[PDB]
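This report concerns only the one structure given below.
Read-outs throughout are calculated quantities, based only on the coordinates presented, and are distinct from any laboratory measurement. Counting neighbours? That spans all protein chains shown, and the Cβs are built from the backbone with ideal geometry, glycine included.
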Amino acid sequence: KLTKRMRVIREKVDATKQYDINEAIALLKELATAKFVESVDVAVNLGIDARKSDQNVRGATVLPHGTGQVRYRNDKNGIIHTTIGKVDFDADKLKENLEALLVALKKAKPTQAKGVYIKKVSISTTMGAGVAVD
Amino acid sequence: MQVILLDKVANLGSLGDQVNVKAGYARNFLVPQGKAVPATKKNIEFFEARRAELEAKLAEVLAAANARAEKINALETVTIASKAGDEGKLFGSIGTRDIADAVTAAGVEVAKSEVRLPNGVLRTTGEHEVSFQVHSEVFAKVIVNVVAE
Amino acid sequence: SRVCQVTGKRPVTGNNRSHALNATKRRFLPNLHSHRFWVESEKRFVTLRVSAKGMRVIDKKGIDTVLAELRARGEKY
RNA sequence: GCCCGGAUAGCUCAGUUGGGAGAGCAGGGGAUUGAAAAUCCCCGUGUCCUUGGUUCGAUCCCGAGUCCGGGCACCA
RNA sequence: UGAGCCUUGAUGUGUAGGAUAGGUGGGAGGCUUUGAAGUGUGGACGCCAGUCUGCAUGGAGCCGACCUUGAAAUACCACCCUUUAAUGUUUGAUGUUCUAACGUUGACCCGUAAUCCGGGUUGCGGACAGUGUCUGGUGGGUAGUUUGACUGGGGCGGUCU
RNA sequence: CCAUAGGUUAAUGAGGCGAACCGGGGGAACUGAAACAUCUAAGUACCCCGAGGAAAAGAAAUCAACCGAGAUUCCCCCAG
Ligand SMILES: [Mg+2]
Ligand SMILES: [Mg+2]
Ligand SMILES: [Mg+2]
Ligand SMILES: [Mg+2]
């Protein structure tokens, strides 16, 4: 069951509380623990009720830092999971990488979407815990 | 309400605490019998200036109550006589009043607030164990006898 | 008479505005309640017919100040 | 105007947070009996209110509409 | 005791498919001597095919690339879903005990030559009852009013643009 | 127990009447709306309490508008 690798991961990440990007991307920099290069992943339990048909979103985004053109489509649970490059990329550039993702996410806000558009955004690597972004 | 404890309260704390107590609890119980005082700055400074002599009187009162418990435990010569019927049936009842009268005739003018009894009131002839609460921590036990005179 | 002994709150008169704005005279009465207060400075229990506001006023000022104001303005308790 | 419920075989109603359309009663035929009834066996149902969408598939999961109801709201 | 929320578990059986295919996205490396394939042992669920869990020894072995599929492996990671269990946390329903608010049109004492009242002792009840503010329902008990015109009289019928 | 309640005495003051005016506590309806309920009558009539030669109010937590005024009360405009 639980192993030393997993208990040190949960010792490194205290996901019960929220974090800001400035130090949370440094938390991802220090969570990079694998023999092979990992890819940064971001999941938002976004507020659109894709269970409503008309609230579905299809979009695209070209990223300056590369991975550089990525696509995304909302699932039934209403959660966006996207990867926007490798883990060895610098924290600063990854910040504006997810910021470009975020603005491309806001530009497609459906008029039927009622409530908080972005319930929460979390970032996690291949073998890392989810750190909230503020 | 913010109130300042004057005594060891069961759940609030010890002598001297700014505790947020309900208005009814403070007004109707804590304040009337000296156990707490409102958190007025005048009272707060007046209490913090003279605080050290309060635990002195508290300690001597506690010691006196502990001594009283041993005294009433050692007395243990309590008899109440009442005209009762056969089969060990008491016509009336022996209450805290009669208990206090007997312990007044035995020891020193023991009141009827400290005396405690179980749900029953010993409506039958026999020897019963009577509980006494001289203080909040004091538990005293007394042996009594009843005569069917 | 329904008069708060601390604040002097008396029953006032107003209207009962209906949905059609019909107005009928009505009376607002103070939330008066007889209460026994432990006056420590004389070791007594003073009974006052006081409203809830007046009881809260006694709470803030202290019973001694309220009784001082009373016996200053008459109105023996 | 708001909220909720209901529409499924001739009738009455189940049906699952989607993987095949049910069950009684009715009907028909057969069996039993001298005959009938009651029991027994077999048979055959459906725009699943409609329409669009989701889905690999919809009675279901929505969007929209029809009708039936229940409660509330309603000072050109 | 419900219910919300957090955290850990279990949780997923139509068809080919190896067989109890949850959804999405990332993704063959990861599990492992600090006990792997196994071997006897108690159960949970169950579609009776099986999955998960405790204990005993083991001292490095194990997972996949493929047949299929709407959907891929079920190696793993993150979010979440249906259900259920546990901890923690939050509000909510009762139920029980207590006395100190409050009630007392129970008893006794006193003011007092007093079936009022007030104070005291005490019993019972007790955070109930009752009252104040606000609020849904009911409310000819009470109050203010309306209940058209034309018309071979009025009413009835008819009519009114 | 103390005390307090209560009692007695002494001193001081008040009671009641009165026209209008004034402050306050309550407060209609007829009527108008060509009916009537919001509204009007109207805070009027009336009841009650309180005073004085007057009463009330009164020295800005007021106005104004970037210039300024400077307590309260009353009259004429503003202005139907
Ligand atoms: Mg009538
Ligand atoms: Mg009239
Ligand atoms: Mg006519
Ligand atoms: Mg009129």
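Below are the figures for this structure:
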| item | result |
| --- | --- |
| Relative contact order [Cα under 8 Å, 6+ residues apart], chain C, whole percent | 28 percent |
| Chymotrypsin sites (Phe, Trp or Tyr not before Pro) restricted to region B:1-101 and DSSP loop, no more than 16 other C-beta within 10 Å | B:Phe91 |
| Cβ-derived FRET efficiency at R0 25 Å, A:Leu102 paired with A:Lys76, nearest 0.05 | 0.65 |
| With Cα atoms, 0 to 90° folded angle of helix B:96-106 axis to chain B main axis | 90 degrees |
| Least to most buried among A:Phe36, A:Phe89, B:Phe139 (fewest other Cβ within 10 Å first) | A:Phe36, B:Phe139, A:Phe89 |
| Point-to-point label distance, A:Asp54-A:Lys12, nm (Cα→Cβ direction, 7 Å offset) | 4.6 nm |
| Cα centroid separation, region B:66-89 to region A:56-134 (Å) | 83 Å |
| Per-residue average of Cβ from other chains inside 10 Å of B:3-14 | 0 |
| Modelled FRET efficiency - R0 45 Å, B:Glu53 with A:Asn45, Cβ distances, 0.05 increments | 0.10 |
| Net charge, A:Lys35 excluded, C-beta distance under 15 Å - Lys, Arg +1, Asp, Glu -1 | 0 |
| For B:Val78, distant residues with modelled amide H under 5 Å away | B:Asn145 |
| Label-point separation in nm, C:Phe45 to B:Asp17, each point 7 Å along Cα→Cβ | 2.8 nm |
| Check: the protein assembly as shown dipole with +1 on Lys, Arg Cβ and -1 on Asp, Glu Cβ, in debye | 2480 debye |
| Local net charge near A:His65, Cβ-Cβ under 12 Å (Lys/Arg +1, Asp/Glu -1) | -2 |
| Rounded FRET efficiency, nearest 0.05, which uses the C-beta distance separating B:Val61 from B:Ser93 and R0 of 35 Å | 0.60 |
| Inter-label distance for B:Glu109 and C:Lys53, nm, one decimal - labels placed 7 Å from Cα along Cα-to-Cβ | 4.8 nm |
| Crossing angle, helix C:52-61 versus chain C [Cα axis fit, 0-90 degrees, rounded to tens] | 30 degrees |
| Count of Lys pairs (Cα-Cα under 21 Å; at least 8 positions apart or interchain) in chain C | 11 |
| Alpha carbon centroid spacing (whole Å) that separates region A:1-30 from region A:36-50 | 16 Å |
| The protein assembly as shown - mean residue ellipticity at 222 nm from DSSP helices (-39,500 (n - 2.57) per run, n ≥ 4, rounded to 500) | -9000 deg cm²/dmol |
| Taking A:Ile123, B:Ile4 and counting other C-beta atoms within 10 Å, the order from fewest to most | B:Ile4, A:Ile123 |
| Inter-centroid distance (Cα atoms) of region C:34-77 relative to region C:4-26, Å | 27 Å |
